[PDB]
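Step one of this worksheet: look at the structure below.
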Amino acid sequence: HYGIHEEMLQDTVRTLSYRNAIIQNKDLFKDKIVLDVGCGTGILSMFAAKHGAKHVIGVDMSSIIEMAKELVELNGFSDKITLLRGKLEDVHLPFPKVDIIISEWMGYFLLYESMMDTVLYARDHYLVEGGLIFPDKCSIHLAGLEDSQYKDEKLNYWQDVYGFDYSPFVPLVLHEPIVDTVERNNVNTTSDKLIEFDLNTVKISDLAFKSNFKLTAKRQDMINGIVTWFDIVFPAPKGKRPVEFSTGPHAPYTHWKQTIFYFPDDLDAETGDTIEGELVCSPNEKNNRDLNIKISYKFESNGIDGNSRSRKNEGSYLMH
Amino acid sequence: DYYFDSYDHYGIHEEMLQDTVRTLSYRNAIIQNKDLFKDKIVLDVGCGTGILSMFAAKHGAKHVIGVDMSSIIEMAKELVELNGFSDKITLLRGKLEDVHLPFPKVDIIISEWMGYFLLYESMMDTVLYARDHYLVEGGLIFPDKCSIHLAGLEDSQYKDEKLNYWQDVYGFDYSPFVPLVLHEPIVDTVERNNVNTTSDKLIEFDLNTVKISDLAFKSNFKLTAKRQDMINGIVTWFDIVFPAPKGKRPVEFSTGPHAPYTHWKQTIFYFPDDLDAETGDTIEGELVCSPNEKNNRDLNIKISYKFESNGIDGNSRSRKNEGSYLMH
Amino acid sequence: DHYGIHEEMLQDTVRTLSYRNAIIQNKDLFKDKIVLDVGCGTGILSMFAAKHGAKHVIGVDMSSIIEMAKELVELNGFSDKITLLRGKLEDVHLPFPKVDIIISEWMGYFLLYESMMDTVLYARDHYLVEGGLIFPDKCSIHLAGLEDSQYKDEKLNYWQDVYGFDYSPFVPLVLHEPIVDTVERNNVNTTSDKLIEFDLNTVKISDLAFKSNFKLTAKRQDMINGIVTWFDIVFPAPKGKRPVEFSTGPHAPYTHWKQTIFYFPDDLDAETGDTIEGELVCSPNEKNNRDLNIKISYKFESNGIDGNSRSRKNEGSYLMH
Amino acid sequence: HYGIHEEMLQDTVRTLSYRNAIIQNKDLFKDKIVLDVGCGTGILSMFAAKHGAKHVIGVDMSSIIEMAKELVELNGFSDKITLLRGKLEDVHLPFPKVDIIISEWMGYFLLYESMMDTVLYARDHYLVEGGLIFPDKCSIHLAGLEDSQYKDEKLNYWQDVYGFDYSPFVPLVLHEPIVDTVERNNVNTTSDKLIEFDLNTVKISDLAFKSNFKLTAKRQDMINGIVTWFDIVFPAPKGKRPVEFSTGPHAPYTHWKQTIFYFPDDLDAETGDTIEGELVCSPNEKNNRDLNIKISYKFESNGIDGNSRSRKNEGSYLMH
Amino acid sequence: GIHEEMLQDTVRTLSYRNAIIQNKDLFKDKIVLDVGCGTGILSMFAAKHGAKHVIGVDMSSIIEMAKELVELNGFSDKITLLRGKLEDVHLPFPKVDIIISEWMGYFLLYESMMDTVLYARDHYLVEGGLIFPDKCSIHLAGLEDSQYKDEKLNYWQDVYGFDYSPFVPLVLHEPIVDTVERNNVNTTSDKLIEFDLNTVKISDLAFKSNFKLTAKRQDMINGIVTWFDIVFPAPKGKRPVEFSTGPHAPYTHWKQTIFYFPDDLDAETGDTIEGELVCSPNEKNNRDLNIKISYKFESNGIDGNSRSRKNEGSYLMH
Amino acid sequence: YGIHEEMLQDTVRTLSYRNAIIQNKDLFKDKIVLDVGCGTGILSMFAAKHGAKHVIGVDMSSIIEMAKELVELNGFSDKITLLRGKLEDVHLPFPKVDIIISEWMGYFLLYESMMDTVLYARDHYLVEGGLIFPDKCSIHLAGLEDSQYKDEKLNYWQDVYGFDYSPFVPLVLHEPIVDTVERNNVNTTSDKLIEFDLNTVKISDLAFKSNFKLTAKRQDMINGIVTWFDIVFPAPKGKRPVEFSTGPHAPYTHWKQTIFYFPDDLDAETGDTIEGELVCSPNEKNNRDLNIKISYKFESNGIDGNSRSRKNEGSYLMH
């Protein structure tokens, strides 16, 4: 499992973004108590203590805590960083009132196997009211995707599997969100913002959302589904522009890549054609650590065969 | 709206079915043995989508009992009805230890039981439970023979950058990671031209006679270098052989670097020493494998080696060492 | 006969410019002369002769494109100097039985495949003035070890399951199929050797059914899956002048003839220094003279470490058609 | 040769359509007799026999029947499938009466080197009147194509070739039908149907057709000629939707690709402009396997620059 | 020893060899000059084809080599050579009929002997005399290079823990000489200027040129790729030998000169970039070039006005 | 950035200074550090970062102006003082330094090596038993197999597109070539030529002469000697010293190695020996250039009996 840590540490956009945020707020860190929710190898705890901090408490329920203790001694921070192995709820913090909370909580569709719940638990139970959260703002976005070649190959396969008809797998494949990096040139509609979350104020009840969206076709192509992603923003001192980053196709590689959702219809689009729709995202009733996604869309066109191209449909996707 | 009542991660079954070497080797074996399948009861241990159960029913069999502990059994039920086999195939959801079989005696047992270093998250254990409790004595097991092998690998370019990353992570010294990475067995496809020693066979298991105690094995091996190269560790793999009628050649396949692609790929185990070899030099050694104490599902591997050479530099290049690795 | 084939031969800059720059080097041998173009097609070589000085050029070809050639020679200012005849040279009434120079683009895919060599020999035998010049005059077949494991395992394993059925009997058939394709330099992993050379001034039809030996030695560790074959071409020349020559091999620029690959039945595991010694025979067959029976026999020998386990001896019969 | 067999078997649209159609009709197959005209490797015969048939008789005039006999032995259908080497007309069929006839008779522009003829001989001579043909309905279609960049390379190359004027090649190229797959986005007009054939009624004389078409422009582009194709339709039980497939550009790849014909004029077109005209198709006198195709058209522009872009022309083409 | 890279460049070496051969009958009883002699081949290839006598100029220990070479291959009596800048140096001859020169560099004009070849036609050439080559031109088109610029500019964010960000504008202003693969070209290629050596007066080399590129497909235009095309002389009516150093032509040691824009432009098929590139050799060092690019990128498509952008970039070839 | 992007991306070099400095962080702690040839300021920054009362970064390139900007950003302005120009001219805020850290090493160790400036600093500014980073270094050579590449740049001048251009081949055969000599292409017993200790060495000792013996590993052509250097750092009592090699047998450093091609492409056999002499001195025409000369004798005692046992001299100019 060191692999997810080599993968997370080698994502320079992620780690440098936390680094640069902590440096921009170094004097806000200066003599404060820091909580690292989901510390991993302790890299963000070592940045906090590196840029001045009275003490950082880093927590995580994984074995890598024992490694991170070795790392925190090797780099001379053993006095300033305490690492606790466990889930935040099961752990007694040595200073119950924390000034800053830093956490790399985000998951694949922002909310997929995210630690957001544990971070809002942390702010609600240990943060000093006007306390700083790193990052504190985020948003989910989408746009139309061209993926004809791959999607037809993925769905054609099940027509004959060694002679047996495997057609019942085709709807199963359409119901599955794919996490993959999309080539920018394949994004073929304008992008829209679904929802936004302010971690200073948001309650867990607001994570189950429902949103409206409209995408306008940028060029003549097929829209086989949507590609979604998220953007991140960090706190900043008065006046300064904040450190931010994006996980979308129009931005550099991030280990979060993008999450693709395939539509049931392959839409035939001309420039200016329009997809208006709605996406709902809710934790599943049977299992809250899985996500029920539903996408409804109205592909309205008009040009010569406009009505023979116009399509309205919906899809339900399950993420797990 | 569509209600989500099912686990199915389609991707992992697509990976299994698109492995042509794996699935065509079970198909070809069943075809070679179709007459021996004709009025028999077949048990599919770990049926997944039911594909091998369907191969069996297609090739004449009184009945197939497909067993698996994953939600894919309800989809697999759908595939059995669509291909006309609902009356001949019975699928059960659960672990074989628990479920209560419809037919007290199985004549043939088919299973894709193999894990990454043959034995890593394998269901060998459950196949042996099945022949011991349900098979008719001289009954056929598909596959029934397997064997683990190794040889020296040249990986200097990738090993060096994996290890050199940890010397400075954004300013911090991350050197303690280096021993952790050197002892994580990697599952990857090795390029055949990077294999630079002769191969050796560590162990063989005949599933018709093997008891669970033997899966924890200790074995010695010797490797001679084919060409002048750095040997950075070993590449390991396994070969499978299927039962065969009197006089036909048995169906077989290898997951080693010298064979076509397979999803089990190979397991690489890195040495602490990067060895400077010359044509003719040697690695004599020992590999021991055992499920461990604090978790019998994870594999403790130990590899001991002694690399020796005679070409002038001979003693300056020779070296011995030991290592423990864990697959999890 | 379709523009395509003719656009192809004309876009192969190596082929046509090699005949151009060769005829230019011999223009002083040309100035007074009469020349015969075997298989002239769009008349390009004939017009090259005329353009560089010649009393006449008689161009022959059995395909409809001959008609198109006639407009072209009218259009390019050569109508008086170039005479064109449609049909088979053998029986189509040659209007000048004493030719000084004869040019032809006779070459086929493994040099001899659907090759006009038999018709070019008939023309020197029947119309050339003894020490008369042929373009080109010398050709030679060559071969080397090829690495192509990825594509070959895909092509053959496809036949194991065809929509549920077993199409395994198709694997021996693909394996005896010589494929024409361009081989990237880097997949050539042995030395190259010469099989057979031909001197067009001297060669008789009899010799075109040949038998020859070759030794390839491995340049690096690799799997050798078969041989990649090709030909080199040379043009006649005046003394003091080095001949214009071209190769159709993987180590030379693209030519429409590409290379002709033959797959072995064994995939040879080789170490640097190892060797393949073999024999290739070639004979045009009874049931269709234009089709070729090729047979390759080899002994892959190795002295390195595992030697005899790796070393292979085997035979393979291939059919070009 | 092996090649066209690899190309026909690897075409999943083709084979799977015959597969699916036979499965839909499997009850009407059940205990009957079927003839496979042009059976090649025997794949269709094997589908029929696999889905229930007292007998499949497979005919073909190619050396491949000695191979297909081995494939039927290897695949366990030897008592039910009987293969015969030769041109249908004179071969001695084990059965006088056939219940079902399946064949893969189609050629590049449907009718190009087609064995349709032989299939009609087989229904008129051996089919039980209301007997089923697979497939029994097919149709040729067309639309305007944008090919400017490639066509100008192919017609301008002929000017200066090594110093020689090769211009007379230009009309020769411009009247060469090309078989190539066209990308969806280069089809710039509405599509129209030329002709339709019902294989149960069609007499040979009807293949020498002459028909009209109207093509309305979908967007601003150069129309350099027409892309043509064909659609196939399989017989079905009443209540069941027929298995069908298309070989056109807005349908997945198939080995028949499309057959492009180039126009003598490169038409300049705005959204809404129109190509009206005619296509005539007839076998040639000296060799009836060759096809004389002529296309006549009038492009009238109703898009602002009307008269300057309006063009009328004719072109004869030959398939051989 | 660098001169290997010069003579090993076949599209340079052979292009001159075949270009001299096409004009052989016009070299005949005449006299030639190998200005900027990069070892002697142009004087050696020239002499060997009729031209009664040649003269060679190179300011480096390499002409001591050229003199020896002329003897190992016979030539000595027909070929005369020297150490020095042709501006004021003298070998045994007064005038010349054809000047043969391997003068150009990188942005056609950077470490080039162009002024020195202009010196020779203005002082020793017989008015209607032959210059090899006589015509040249610089071109540009737009480029997709997103991953390499994003990684090249990301390195400086973390050097062994320290922030090295002041290096980013510096490398953005570094015009890179490399081979662009043709598929990364994403616009129509334009012509900035064209020179003719038989007429081009020295001052003319400090040019200010306007260009226009239209986008050929959707992409990120990250900057410009520049290159040049060479054309040689020929007898009345026949094909001039000619070659190019551009992305869609076979490899050349001059490669292409990439200039990165300050903005990574998002373009759709048909979007336009209108600019002006100026090139002035600078005051402190007349072998170092000041390159400045002004550009206006417009779009009439779907979100056209937001993506449209104009800017300036100063660059320094040094 | 050119030369700086390469220097800083050299992980073996930079990391050897980092790890040697962290090993020694107690001895830096409240001390005064002279950084000879600081460049971007990265080693000065390593010093300040690991406890230093002050660092004086000196260098004569425009790059000092950047080093001041980088010294600000990372938090070191108060601890790092940067001086533009040469040491002897520009003068230091502190009279005496406790530690001198410098990346002085050139291509054949001594090529445009700042050895002389570093020694000027321990002789004029370092406190007697003061620490020098690095403090020990050694030049080394081995036998090379470079057949293909050498025969490329040789035979090509025989028929340079028709002409005989070969008086080049002796020139090319004597201008030393800097390149990463592939590990597998080395075929003799790597011998120690000479070493220097920066605490004790005085400029005069750099014009050397040395003793070498090379036992051949295999039967192959010993085309030239490939030569390289190893570095070692000052270390505390009982600690393993930080060290590294530019050797072909070691990872890529920016210095790679300097190849010396032989006139005679020696055909060797497992067991036979080259013995001889190497002399290295600076030049009168220019005190920065290096005059190298190689005296080799090949005793081919083996498969040839005594037949290809040749002996030859070599004069090479590094420029």
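Identifiers for the structure tokens are assigned positionally: chains receive A, B, ... in sequence, residues are indexed from 1 per chain, and ligands are indexed from 1 in the order shown.
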
Return as a compact mmCIF listing (two decimals) with N, CA, C and O atoms, in the first residue's frame the residues belonging to chain A that are within 9 Å of chain B, counting only C-alpha atoms.
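Contents of iface26.txt, as written:
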# COMPACT_ATOMS: atom_id res chain seq x y z
N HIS A 1 0.78 -1.23 0.00
CA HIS A 1 0.00 0.00 0.00
C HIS A 1 0.82 1.30 0.00
O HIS A 1 0.28 2.41 -0.05
N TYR A 2 2.16 1.21 -0.01
CA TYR A 2 3.01 2.39 -0.16
C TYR A 2 2.70 3.03 -1.51
O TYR A 2 2.79 4.24 -1.66
N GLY A 3 2.32 2.21 -2.50
CA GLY A 3 1.95 2.65 -3.84
C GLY A 3 1.00 3.84 -3.89
O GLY A 3 1.34 4.86 -4.49
N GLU A 6 3.18 6.65 -3.02
CA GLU A 6 4.06 7.14 -4.08
C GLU A 6 3.25 7.94 -5.12
O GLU A 6 3.70 8.97 -5.61
N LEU A 9 2.12 11.34 -3.48
CA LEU A 9 3.30 12.20 -3.38
C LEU A 9 3.85 12.60 -4.72
O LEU A 9 4.32 13.73 -4.87
N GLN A 10 3.85 11.72 -5.74
CA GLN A 10 4.29 12.14 -7.05
C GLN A 10 3.30 13.02 -7.81
O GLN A 10 3.69 13.55 -8.86
N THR A 15 0.30 17.95 -4.09
CA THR A 15 1.19 18.29 -3.00
C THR A 15 1.72 19.71 -3.06
O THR A 15 1.53 20.47 -2.10
N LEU A 16 2.25 20.20 -4.17
CA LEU A 16 2.73 21.57 -4.27
C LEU A 16 1.62 22.57 -3.98
O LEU A 16 1.87 23.64 -3.42
N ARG A 19 1.51 22.68 -0.35
CA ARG A 19 2.74 23.33 0.08
C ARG A 19 2.57 24.82 -0.06
O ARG A 19 2.56 25.50 0.96
N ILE A 43 3.58 13.86 5.26
CA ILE A 43 4.03 15.01 4.45
C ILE A 43 3.36 16.35 4.78
O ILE A 43 4.06 17.31 5.07
N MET A 46 4.48 17.61 8.15
CA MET A 46 5.82 18.13 8.12
C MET A 46 5.87 19.49 7.44
O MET A 46 6.58 20.37 7.92
N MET A 67 5.59 4.21 9.77
CA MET A 67 6.57 4.76 8.84
C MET A 67 6.68 6.28 9.06
O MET A 67 7.73 6.82 9.40
N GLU A 70 8.78 7.33 11.83
CA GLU A 70 10.19 7.30 11.45
C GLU A 70 10.59 8.50 10.60
O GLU A 70 11.63 9.13 10.78
N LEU A 71 9.70 8.92 9.71
CA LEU A 71 10.00 10.06 8.86
C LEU A 71 10.04 11.37 9.63
O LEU A 71 10.92 12.23 9.46
N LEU A 74 13.37 11.38 11.53
CA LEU A 74 14.47 11.64 10.61
C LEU A 74 14.57 13.10 10.19
O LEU A 74 15.68 13.63 10.14
N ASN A 75 13.43 13.76 9.93
CA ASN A 75 13.49 15.15 9.51
C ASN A 75 13.42 16.14 10.67
O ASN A 75 13.10 17.33 10.56
N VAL A 161 -19.11 -13.61 -26.42
CA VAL A 161 -18.00 -13.90 -25.55
C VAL A 161 -17.77 -15.39 -25.70
O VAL A 161 -18.56 -16.19 -25.18
N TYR A 162 -16.75 -15.80 -26.46
CA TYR A 162 -16.47 -17.22 -26.76
C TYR A 162 -17.64 -18.04 -27.30
O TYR A 162 -17.75 -19.24 -27.12
N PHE A 164 -20.87 -17.49 -26.40
CA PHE A 164 -22.05 -17.23 -25.61
C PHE A 164 -22.51 -15.79 -25.76
O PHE A 164 -21.69 -14.87 -25.92
N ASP A 165 -23.81 -15.53 -25.80
CA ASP A 165 -24.27 -14.16 -25.85
C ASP A 165 -24.21 -13.51 -24.47
O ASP A 165 -24.93 -13.86 -23.53
N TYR A 166 -23.39 -12.48 -24.39
CA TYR A 166 -23.29 -11.75 -23.14
C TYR A 166 -23.93 -10.36 -23.16
O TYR A 166 -23.52 -9.44 -22.44
N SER A 167 -24.99 -10.14 -23.94
CA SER A 167 -25.73 -8.87 -23.98
C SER A 167 -26.16 -8.28 -22.64
O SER A 167 -26.07 -7.06 -22.50
N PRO A 168 -26.63 -8.98 -21.60
CA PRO A 168 -27.00 -8.38 -20.32
C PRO A 168 -25.94 -7.54 -19.61
O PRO A 168 -26.25 -6.74 -18.74
N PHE A 169 -24.67 -7.73 -19.95
CA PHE A 169 -23.60 -6.86 -19.52
C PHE A 169 -23.66 -5.46 -20.13
O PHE A 169 -23.18 -4.50 -19.51
N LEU A 172 -25.10 -2.88 -17.79
CA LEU A 172 -24.19 -2.85 -16.66
C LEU A 172 -23.03 -1.94 -16.95
O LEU A 172 -22.76 -1.03 -16.18
N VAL A 173 -22.44 -2.01 -18.14
CA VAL A 173 -21.33 -1.13 -18.48
C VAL A 173 -21.81 0.29 -18.56
O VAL A 173 -21.14 1.17 -18.02
N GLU A 176 -21.88 2.14 -15.16
CA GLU A 176 -20.67 2.28 -14.39
C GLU A 176 -19.88 3.54 -14.66
O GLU A 176 -19.52 3.81 -15.81
N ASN A 284 -25.84 6.17 -1.12
CA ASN A 284 -26.85 5.13 -1.26
C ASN A 284 -27.50 4.76 0.07
O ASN A 284 -26.84 4.78 1.11
N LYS A 286 -28.63 1.70 1.14
CA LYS A 286 -28.05 0.44 1.61
C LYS A 286 -26.62 0.63 2.15
O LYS A 286 -26.22 0.08 3.17
N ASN A 292 -25.14 6.90 -5.32
CA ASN A 292 -26.16 6.80 -6.36
C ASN A 292 -26.17 8.12 -7.10
O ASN A 292 -26.41 9.14 -6.47
N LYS A 294 -27.73 10.15 -10.63
CA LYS A 294 -28.69 10.00 -11.71
C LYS A 294 -28.53 11.17 -12.65
O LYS A 294 -28.42 12.30 -12.19
N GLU A 314 -32.77 9.54 -19.37
CA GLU A 314 -32.15 9.66 -18.07
C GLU A 314 -31.31 8.44 -17.79
O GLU A 314 -31.48 7.41 -18.42
N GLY A 315 -30.36 8.52 -16.87
CA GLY A 315 -29.60 7.35 -16.49
C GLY A 315 -29.29 7.30 -15.00
O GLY A 315 -29.16 8.31 -14.29
N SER A 316 -29.19 6.10 -14.49
CA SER A 316 -28.82 5.98 -13.10
C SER A 316 -27.50 5.25 -13.12
O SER A 316 -27.28 4.30 -13.88
N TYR A 317 -26.57 5.78 -12.35
CA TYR A 317 -25.23 5.24 -12.22
C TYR A 317 -24.94 4.92 -10.76
O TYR A 317 -25.40 5.60 -9.84
N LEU A 318 -24.17 3.87 -10.51
CA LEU A 318 -23.81 3.50 -9.14
C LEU A 318 -22.32 3.51 -8.98
O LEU A 318 -21.60 2.84 -9.72
N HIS A 320 -18.99 2.64 -6.69
CA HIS A 320 -18.57 1.76 -5.59
C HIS A 320 -17.39 0.86 -6.03
O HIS A 320 -17.13 0.79 -7.23

Considering only C-alpha atoms, return as a PyMOL selection string whatever protein or nucleic-acid residues lie within 10 Å of residue C:6, sequence-local ones (same chain, fewer than 6 positions apart) excluded.
chain C and resi 41-42+65

Export of the given selection (N, CA and C atoms) as a CSV table (one decimal), in the first residue's frame:
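The new file out33.csv reads:
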chain,number,residue,atom,x,y,z
C,41,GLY,N,3.6,0.6,-69.3
C,41,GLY,CA,2.5,1.2,-68.5
C,41,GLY,C,2.1,2.6,-68.8
C,42,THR,N,2.5,3.7,-68.1
C,42,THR,CA,2.1,5.0,-68.4
C,42,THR,C,3.1,5.7,-69.3
C,65,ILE,N,-3.9,0.7,-70.0
C,65,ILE,CA,-3.2,2.0,-69.7
C,65,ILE,C,-2.4,2.4,-70.9

With distances taken over only C-alpha atoms, which residue among F:54, F:153, F:84, F:297 lies nearest chain E?
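Going through F:54, F:153, F:84, F:297 one by one, the smallest distance to chain E is for F:153.
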
Near stretch 224-236 of chain A, counting only C-alpha atoms, which residues have an atom at most 9 Å away, once you skip same-chain residues fewer than 3 positions from it, shown as a ChimeraX atom specification?
/A:17-18,21,24-25,108-110,132-148,151,182,187,239-249,256-268

Show me a table, sorted first by chain and then by increasing residue number, of the residues of chain D having an atom at most 10 Å from chain A, each with its shortest atom pair and the distance in Å to one decimal, counting only C-alpha atoms and written as JSON lines.
{"residue": "D:12", "atom": "CA", "partner": "A:156", "partner_atom": "CA", "distance": 8.5}
{"residue": "D:13", "atom": "CA", "partner": "A:156", "partner_atom": "CA", "distance": 9.3}
{"residue": "D:16", "atom": "CA", "partner": "A:159", "partner_atom": "CA", "distance": 7.8}
{"residue": "D:19", "atom": "CA", "partner": "A:160", "partner_atom": "CA", "distance": 9.7}
{"residue": "D:20", "atom": "CA", "partner": "A:159", "partner_atom": "CA", "distance": 9.4}
{"residue": "D:184", "atom": "CA", "partner": "A:221", "partner_atom": "CA", "distance": 8.6}
{"residue": "D:185", "atom": "CA", "partner": "A:221", "partner_atom": "CA", "distance": 7.0}
{"residue": "D:189", "atom": "CA", "partner": "A:304", "partner_atom": "CA", "distance": 8.9}
{"residue": "D:190", "atom": "CA", "partner": "A:305", "partner_atom": "CA", "distance": 7.4}
{"residue": "D:191", "atom": "CA", "partner": "A:305", "partner_atom": "CA", "distance": 9.9}
{"residue": "D:216", "atom": "CA", "partner": "A:304", "partner_atom": "CA", "distance": 7.9}
{"residue": "D:217", "atom": "CA", "partner": "A:304", "partner_atom": "CA", "distance": 7.8}
{"residue": "D:218", "atom": "CA", "partner": "A:304", "partner_atom": "CA", "distance": 5.6}
{"residue": "D:219", "atom": "CA", "partner": "A:304", "partner_atom": "CA", "distance": 8.4}
{"residue": "D:250", "atom": "CA", "partner": "A:268", "partner_atom": "CA", "distance": 9.6}
{"residue": "D:252", "atom": "CA", "partner": "A:152", "partner_atom": "CA", "distance": 8.3}
{"residue": "D:271", "atom": "CA", "partner": "A:304", "partner_atom": "CA", "distance": 8.0}
{"residue": "D:272", "atom": "CA", "partner": "A:304", "partner_atom": "CA", "distance": 7.1}

I need the contact residues of chain C against chain A, so if you could list those with any atom within 10 Å, counting only C-alpha atoms, and return them as an NGL selection string, that would help.
:C and (160-166)

Could you write out, as a PyMOL selection string, all the residues of stretch 180-301 of chain A that DSSP marks as strand (DSSP E)?
chain A and resi 180+192-198+209-216+221-233+244-246+258-269+274-283+291-300
